[PDB]
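Data block below; observations after.
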Amino acid sequence: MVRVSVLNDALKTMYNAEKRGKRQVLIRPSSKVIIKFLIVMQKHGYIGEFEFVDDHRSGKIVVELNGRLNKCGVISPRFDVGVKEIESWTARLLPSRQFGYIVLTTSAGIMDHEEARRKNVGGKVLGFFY
Amino acid sequence: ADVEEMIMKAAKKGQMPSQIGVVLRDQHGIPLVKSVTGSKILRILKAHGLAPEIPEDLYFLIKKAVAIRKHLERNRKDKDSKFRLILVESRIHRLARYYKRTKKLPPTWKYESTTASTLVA
Amino acid sequence: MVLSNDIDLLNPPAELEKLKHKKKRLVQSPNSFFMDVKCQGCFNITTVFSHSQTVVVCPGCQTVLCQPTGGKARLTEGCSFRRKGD
RNA sequence: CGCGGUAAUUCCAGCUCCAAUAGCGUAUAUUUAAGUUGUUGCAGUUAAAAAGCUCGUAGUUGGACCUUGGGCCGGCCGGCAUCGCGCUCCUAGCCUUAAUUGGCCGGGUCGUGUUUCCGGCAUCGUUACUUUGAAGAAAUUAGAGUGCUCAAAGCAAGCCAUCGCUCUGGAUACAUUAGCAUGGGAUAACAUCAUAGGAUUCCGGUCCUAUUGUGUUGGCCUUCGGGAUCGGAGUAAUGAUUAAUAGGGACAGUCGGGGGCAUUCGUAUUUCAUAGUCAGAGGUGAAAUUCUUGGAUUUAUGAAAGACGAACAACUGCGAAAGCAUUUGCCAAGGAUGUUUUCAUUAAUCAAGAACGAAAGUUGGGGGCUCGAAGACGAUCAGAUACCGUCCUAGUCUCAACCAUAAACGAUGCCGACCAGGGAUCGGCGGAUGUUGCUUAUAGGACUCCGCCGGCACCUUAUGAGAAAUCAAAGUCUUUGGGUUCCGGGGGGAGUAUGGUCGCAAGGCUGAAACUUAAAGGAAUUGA
RNA sequence: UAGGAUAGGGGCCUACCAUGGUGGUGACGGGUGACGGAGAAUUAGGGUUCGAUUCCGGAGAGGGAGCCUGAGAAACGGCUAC
């Protein structure tokens, strides 16, 4: 498939476990989710281990929780690629109610909901951060 | 880590067209060379070798599929009772077409030849 | 303890690299090796692959060396070996 | 859904009350409810619902390297420097030598014509998506503005010196597949340099084109520029990215109750002949039919016949599945495992289509030991056609053929990643100067181990799901959208009718509706 | 390919010529108060359903065929025939 959903699903079940990470193989649209987490500070650090010689690429996560409250309350997928379900800057369906953001791959690149909306450029949702 | 170590401490040139470019025009048997010989030379075969030009190789998977198929067919002329064997034959021939789907796109001649080739060598 | 991943991830125990498959490894390599196997009959010692596969004989002496098995080679009778290769 | 079987808040009148109110009932269609149509937004362990199984297409879906990343200033945006290709011309940014020319001048000072000089970027392999813009009927609809007096709506209107006219409007959005044009270059493809027919400053000769020069017009080109053509010589990281917790193939030692064929054995059961000998035997809960000097039953020995592989044989194996246990040989086969071997995206999963597919029935042979539908007998039984007893045909067995179905089951699609502790056992591998072994010694192998790939599964908690029972999957679907496919969408009728299709036949496969009716069904719980 | 026709290309028809075209992306066939659209109803939305209607475009004007006039009608409150 495309990984993406697997990372999000694995993240929330691992939060219930109270583990300090799970570590897994990563791809290039799942490079994107981690960098977006850093910006909105679900991660205050991320590291991409063995992406140099090996068969795959990977990244152990160091992840917020093991603190008091979880930072990522829910992240759950909202369709991978290979499909036509589409939003515009005006169409905006949302989760949360502005506490979270809606992950969007826009024309220029992956940016958060407010950035894309201001520029007035649509795109396709990758997932729902609550 | 692994790959850099091989490249540096092996050989690369001279030792490899002599050892390996003989054995392959003698008849295939790429895996045979790695399981014998003077180790360091074949250390870097995976880490630096596309494959020299050769008869076979691209043709090996296709040839092997026909070669195994004919013997199963021979044992399907004697007793019908081999209900297990007929479904191995059914499975393997449907895998056989896959091999000559993929190894038909990169090079010429294969497109015409490999359809006909089934059951006649 | 609470561990999924280790307290020192970077250096795991070798037993936990024997867990995960060769492809899956943190630092992947051949767990297989080259070795020089030593034979009285030959003056020099011959470098050999750990998983022999073929019944390898020593180059000058017709002594044998090892016999093959499902994993790493099962050496036969009195022979000695050091594990090294460049 | 229910009420009315004589003190009916359910009827029929009256009263009173409720409640919409110039309006309200009723019917049919239709939208909602109904996530009962599941794009948003479904369910399939057990409630309706995974196709017997695999191969596998059309079709969907599909990994990563991938002129991308970084750094500076100015005020996310603009413009820069690296690793922001290029040329004809157009368009075209300022200045230097200021020169023809003009004014100065112990200055080549400055500006224009003119040489050098740069912003700013049209064409030079395809798209999808997205952006902006045009093209875009009025009405309708949303909606600007406005006292149609309100208002539904309409596009009118408000001010005056109200007897000498003043002015504002009649916006905008919607305009939906697609098409155009422009901008973007992320994400997805077509696609793409290895037999190089690649780029090129080098140059030839061949050959075409004709404007400038030429007054003009007509026949024929030199030089020359630009094409077309065929060769020689040059430059450069010259010309194939890894080798998916994606897939195949090669190879190694294995594993298995995998397959087939040949083959070998065991006792049993049946029958026969020979043997011995004297009352029961079949049978059961109890009896009898039935068999018994035509000395059974039993007993032993051979042989024949046909069947089958006990106990061993397991919360254990293999095979796509259906299924598969004596030995041995041959023949090809398959998974797991190991692999710095090879190919490099071949892949994933599927309508169609194709292969195999227990039993029974069957087509013909072999073959009929055993058992055994129907039938025929005895009890039981009002009936007993059965359980039960006894006889026994087809058949069971095998072979070439049909067939296509099963509670063909894990009632649980296939594939992938993840979320949780622990011990067995099956297989392989690795490490032990362990044990046994004694293999010359060893290595192995069986045993004990720990680690481990991939298993069949269990165990205990279940974070979590669920209606619960339960479940490491029925989790990771309300945290609603991983990829693909199939099916259901109240119960009955009805899985039939009908048609098509197929089958040798049985009959299968595909598969309604009239009409009926309010629950059918599940799990748990409490009674009896 | 050719011609005649008509305002014109045109299988438009017709000669000669070839033997094709099109389909699982559902063609071909059947059904449909099946006109199409702008639009309507009702749905938060998404949708679902509807479109006979003073508008927009076409068809028909008892059913069918054929034709005159005229810029233009295969007219129907014209004709001609059945």
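Points worth noting:
- Of residues in segment A:3-24 being away from chain C (no Cβ under 12 Å) and near RNA strand D (Cβ under 6 Å from one of its atoms), the one farthest from A:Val103 (Cα to Cα): A:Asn16
- Scanning segment B:64-96 for residues that are among the charged types (D, E, K, R), loosely packed, with under 15 Cβ neighbours inside 10 Å and more than 7 Å from RNA strand D (Cβ to nearest atom) turns up B:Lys70, B:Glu73, B:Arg76, B:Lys77.
- Members of segment B:5-31 found to be within 11 Å of chain C (Cβ to nearest Cβ) and loosely packed, with under 15 Cβ neighbours inside 10 Å, listed by number: B:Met8, B:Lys9, B:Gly29, B:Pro31
- Any hit, segment A:44-52, residues being among the hydrophobic types (A, V, I, L, M, F, W, C), away from chain B (no Cβ under 14 Å) and farther than 23 Å from C:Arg25 by Cα: no
- Meets criteria (away from chain C (no Cβ under 14 Å), within 8 Å of RNA strand D (Cβ to nearest atom) and over 30 Å from C:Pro30 (Cβ atoms)) for A:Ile27: no
- Selected residue [surrounded by fewer than 15 Cβ atoms within 10 Å (Cβ to Cβ), closer than 26 Å to C:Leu3 by Cα and more than 8 Å from RNA strand D (Cβ to nearest atom)] from A:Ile39, A:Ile61, A:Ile35: A:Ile35
- Selection count, segment A:107-122, where residues are near RNA strand D (Cβ under 7 Å from one of its atoms) and either part of a loop (DSSP other than H, G, I, E, B) or within 19 Å of A:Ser31 (Cβ to Cβ) (or both): 9
- Residue count for segment C:56-86 under the criterion of being facing chain B (nearest Cβ under 10 Å) and not small (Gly, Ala, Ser): the result is 5.
- Some residue of segment C:28-47 being in contact with a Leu (Cβ under 9 Å, 6 or more places away or on another chain) and near RNA strand D (Cβ under 9 Å from one of its atoms): no
- Boolean, A:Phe52 is more than 22 Å from C:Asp6 (Cα to Cα) and more than 7 Å from RNA strand D (Cβ to nearest atom): no
This table checks each residue for (1) surrounded by fewer than 16 Cβ atoms within 10 Å (Cβ to Cβ); (2) in contact with a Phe, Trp or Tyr (Cβ under 9 Å, 6 or more places away or on another chain); (3) polar (S, T, N, Q); (4) facing another protein chain (nearest Cβ under 9 Å).
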{"position": "C:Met1", "(1), (2), (3), (4)": "yes, no, no, no"}
{"position": "C:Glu17", "(1), (2), (3), (4)": "no, no, no, no"}
{"position": "C:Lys20", "(1), (2), (3), (4)": "yes, no, no, no"}
{"position": "C:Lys23", "(1), (2), (3), (4)": "yes, no, no, yes"}
{"position": "C:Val27", "(1), (2), (3), (4)": "yes, yes, no, yes"}
{"position": "C:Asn31", "(1), (2), (3), (4)": "yes, no, yes, no"}
{"position": "C:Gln40", "(1), (2), (3), (4)": "yes, no, yes, no"}
{"position": "C:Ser52", "(1), (2), (3), (4)": "no, no, yes, yes"}
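- Residue that is farthest from the chain's Cα centre (by Cα), among those in segment B:38-55 that are under 13 Å from B:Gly21 (Cα atoms) and surrounded by 15 or more Cβ atoms within 10 Å (Cβ to Cβ): B:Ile41
Each value in this text was obtained by applying a stated rule to the coordinates, not by laboratory testing. Cβ atoms come from the backbone with ideal geometry, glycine included; neighbour counts cover every protein chain shown.
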